[PDB]
Undergrad: 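Take a look at this one; I'll ask things after.
Order of appearance sets the numbers: ligands from 1, and atoms from 1 within every ligand. Starting from 1, each residue takes its place in the sequence as its number.
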Amino acid sequence: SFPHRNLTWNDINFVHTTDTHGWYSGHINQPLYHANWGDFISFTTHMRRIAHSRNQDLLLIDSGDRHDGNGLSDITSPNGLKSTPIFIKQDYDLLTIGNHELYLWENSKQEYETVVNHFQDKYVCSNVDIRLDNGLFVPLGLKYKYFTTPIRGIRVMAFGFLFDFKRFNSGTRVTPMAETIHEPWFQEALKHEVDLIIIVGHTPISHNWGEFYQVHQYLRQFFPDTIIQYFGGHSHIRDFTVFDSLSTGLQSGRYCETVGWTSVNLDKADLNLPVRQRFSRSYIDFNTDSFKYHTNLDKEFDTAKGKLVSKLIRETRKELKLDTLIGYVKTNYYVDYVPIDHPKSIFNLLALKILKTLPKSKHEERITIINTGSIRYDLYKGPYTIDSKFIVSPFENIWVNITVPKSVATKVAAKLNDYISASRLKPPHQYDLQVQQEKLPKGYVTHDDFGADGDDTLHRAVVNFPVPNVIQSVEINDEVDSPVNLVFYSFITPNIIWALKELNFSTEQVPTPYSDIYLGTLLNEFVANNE
Ligand code: NA
Ligand SMILES: [Zn+2]
């Protein structure tokens, strides 16, 4: 029930999602994001119908990462078995892959067989290949799409680019977009005549990231006065970036908190329009107040399709037992509203109380290290459910260890916290922390290339502290040099090995299994107060 900023519509309109991470049920602990996928389906039904009645085109676009962060997607093996049927009920026009569809073979195979198969001609991946059962590799989806819009006959070419991701499973291949552009097939794709180029990508649109920029230079050589619109993701932020007067990028947040909006005027390049006149953007809070406002409906908002999807969500959550209560949390614990050494930090809670509950021998000295990016959400006070485990700690990381002297072990976390890591260890939004009344709800106030007013709702701006790459839980008996078990996630092995080399510690000791108990299980037992 808030005052809203108006959307600017235009020739072609874009509705954008990214980094949904299975949040199709809506948010219970942040009611500004209460709406579910059904409501969003009602929303876009009307917004398409509205656009068509105004002789305008509208396209829905998704930039990937559709699991790892929610019970709806994560409770099943493989991930997404019950959330995908919900996701694909939305009528996307273009979509691409994120890195979370690529960590495990089961996920990549699932993606190819369900999502790509469903959105056969709409799923575009230019730089990711998948292994067929016969051992040969094929593009995971289309390498590009050439099409014309149904209302205004706009001739558009679309490409799809994943960021330079290193940890893909070996049943897939990612090629950096900087190399993809010099490949034979790409030059052949550039021979088309187009009114509009769409670059969808699970890639941050930030100029500090810099991958889309290199693609932009190359495309400007061949298409010097074509409108090129980018849709990015990965880094979990609302963002909008100007490449030039004929080119911008939109990024639409995370966790179904945000529906991104962009409209473009497609009058000729000769007219020399100001970029702010040609393009407009908005970030829409994922709630029905925002959805009802922008469609101008209330009583007539709910569609029969939307209502069916919302019912399917409730039926799915019930059957997965997601709202089954495990316990109660006494106080709020935050990812980054306080720093990691503050008592209301979820990282302090982990370092002081939870990580210590990993089983230990009587005389054992250990230091346990985790990356901050393994925690995906705040731990809110009140009821803690089955779903809460996956929302906070979705990853099925087991624990390995190496035994090293205390003199070395005590230096490792500081070494890792110093350092450009091959893969990002922090929560995704923690790399854009450059910065520039009581009635308003708490939410985002985005500062992008078009200024500070893109958010569809006036908010009291939320603030984050920087967090380190890793935190440690130290369990030693004294300050005396002794053997210490350095305990960590199997996947941060390369980082530990790097740190040990930087501390000039040589060993050909390899990490050995330490514990199969997931962090999420330790969290459950801590909350329940028994085990
Ligand atoms: Na910003
Ligand atoms: Zn991602």
Undergrad: Does a salt bridge link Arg254 with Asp65, judged by any charged N lying under 4.0 Å from a carboxylate O?
TA: no
Undergrad: Measure from the Zn ion (ligand 2) to every N/O/S atom of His234 and report the name of the nearest one.
TA: ND1
Undergrad: Is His100 close enough that one of its N/O/S atoms sits under 2.8 Å from the Zn ion (ligand 2)?
TA: no
Undergrad: Please tell me if the side chains of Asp129 and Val174 come closer than 4.5 Å, counting only heavy atoms from C-beta onward.
TA: no
Undergrad: Among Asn127, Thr180, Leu140, which one satisfies side-chain contact (heavy atoms from CB on, under 4.5 Å) with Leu162?
TA: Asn127
Undergrad: Got a sec: is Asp65 within less than 2.8 Å of the Zn ion (ligand 2) via an N/O/S atom?
TA: yes
Undergrad: Would you give the angle at the Zn ion (ligand 2) between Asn99 atom OD1 and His202 atom NE2, to the nearest 10°?
TA: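 OD1 of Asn99 and NE2 of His202 make an angle of 80° at the Zn ion (ligand 2), to the nearest 10°.
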Undergrad: Could you tell me whether the side chains of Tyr230 and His216 share a donor-acceptor contact shorter than 3.5 Å?
TA: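 Per modelled atom types, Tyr230 and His216 side chains form a pair under 3.5 Å.
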Undergrad: Is the shortest heavy-atom distance from the side chain of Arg220 to the side chain of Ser247 under 4.5 Å?
TA: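 Yes, at least one pair of side-chain atoms sits under 4.5 Å.
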Undergrad: So, of the N/O/S atoms that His447 has, which is the nearest one to the Na ion (ligand 1)?
TA: O
